[PDB]
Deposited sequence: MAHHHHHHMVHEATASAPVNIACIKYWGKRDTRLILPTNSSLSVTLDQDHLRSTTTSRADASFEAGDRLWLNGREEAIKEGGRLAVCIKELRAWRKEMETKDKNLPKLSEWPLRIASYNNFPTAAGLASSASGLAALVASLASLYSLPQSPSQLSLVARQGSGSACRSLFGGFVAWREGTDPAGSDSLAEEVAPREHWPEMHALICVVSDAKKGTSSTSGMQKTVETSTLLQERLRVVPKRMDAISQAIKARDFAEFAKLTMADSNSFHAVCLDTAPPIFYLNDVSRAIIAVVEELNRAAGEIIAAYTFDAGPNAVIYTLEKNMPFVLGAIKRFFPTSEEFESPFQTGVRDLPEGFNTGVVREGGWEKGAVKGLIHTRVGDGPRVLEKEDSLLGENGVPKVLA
């Protein structure tokens, strides 16, 4: 009984130039280009096993984190599977001797090792990489990113390692809305990142959200004029390894994104009081250093990502650890240490009384990473009958 199965992981990525707004909601074509750093799969990843077998019971089945997920026709997962099956069928049409993998049911199981960390970009990228390997697709990562983009917009940027653009494109059919390497991981491997996972228990109760910004935010129209300039500038900065300009652009575009969220009617809020305190600390770190050594950025929630070159991570750790005692124990994967605040650091930028333990829940030290990884049989999430090994 021959087994046709592939397992792949894909990385998380954190946008420096933010995706926020679609011009086509079905194809997921964006209102502007975006640009991200791919993070190290040694620390954060999604992993997906896909198997096709002529003897599986009819109908595809998919599990996420051990719970079966319905694959409704037309939805994000179904569309991705349909496009990748079509590319496999094309191979079979050209070479009639190939086994007819495209005709068989799929069994798919995925897990991430993650807090409020956005899991859809790495998750859909892992699905695409896994199925592309299962089907031995000839398509390039760029071509595969067209499919990932339709599962979840920022998933397309997780098809590459290093520093990665999503080019907005101008084709109404989306053929040029895809990811592109701006610089590979080996160009600037010292780019590290500290993720600050923030408690968010004082609020009430993104795809629906960002379209409300498109519909109602007057300030968004100026953001769309500014983003191309930041794309060009941050690409130059990465190519030049100019950390200060990379950092300035990253902080400016993060704040720009949260600004147009605030300008939405009704307003959209993601930063919380802890997020703002982390910004104050990073801003004061750069000021006291007399040099921009760290850059915060925030996606659609209060967690901070702080970019810094490895050599300056002890300053970032020192500042965060000084003001934000964590409930989770912290070990750097590299045993990176902690340095005292630069002389002149104004501790008054943090509230009187400080922050209670757990206001920041925990820290994750990671760095710029490679693209998706095809794994070995040993890593499979599926048992011998095609049902996941772990069911929640």
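In this chain the deposited sequence has gaps in the coordinates at 1 to 7, 122 to 124, 216, listed in sequence order.
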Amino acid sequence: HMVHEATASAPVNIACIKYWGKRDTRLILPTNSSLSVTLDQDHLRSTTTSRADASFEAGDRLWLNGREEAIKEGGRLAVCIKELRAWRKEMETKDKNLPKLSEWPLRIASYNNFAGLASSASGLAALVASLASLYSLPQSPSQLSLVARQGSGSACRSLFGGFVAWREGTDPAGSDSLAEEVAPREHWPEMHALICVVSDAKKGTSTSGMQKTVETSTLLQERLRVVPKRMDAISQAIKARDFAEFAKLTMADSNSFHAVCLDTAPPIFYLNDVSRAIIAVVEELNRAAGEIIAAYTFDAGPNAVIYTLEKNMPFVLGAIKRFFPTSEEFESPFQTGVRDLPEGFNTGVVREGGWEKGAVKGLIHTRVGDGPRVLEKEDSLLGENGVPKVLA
From here on, numbers count along this sequence of modelled residues.
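Looking at mean Cα B-factors across 231 to 239 and 297 to 305, the upper value is held by 231 to 239. Between 6 to 14 and 369 to 377, the higher mean Cα B-factor belongs to 369 to 377.
Of the candidates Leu39, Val350, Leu35, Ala52, the PDB record gives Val350 the highest C-alpha temperature factor. Which of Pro189, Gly161, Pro172, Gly75 has the largest Cα B-factor in the deposited entry comes down to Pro172. Residue-level temperature factors show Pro267 in the lowest third of its chain, judged at the C-alpha atom.
Annotation for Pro184: CA B-factor lies in the middle third of the chain's modelled residues. When the modelled residues of the chain are ordered by their C-alpha B factor, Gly209 lands in the highest third. The PDB entry assigns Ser119 a C-alpha temperature factor belonging to the highest third of its chain's modelled residues. Remark: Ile364 belongs to the lowest third of its chain, ranked by C-alpha B-factor as recorded.
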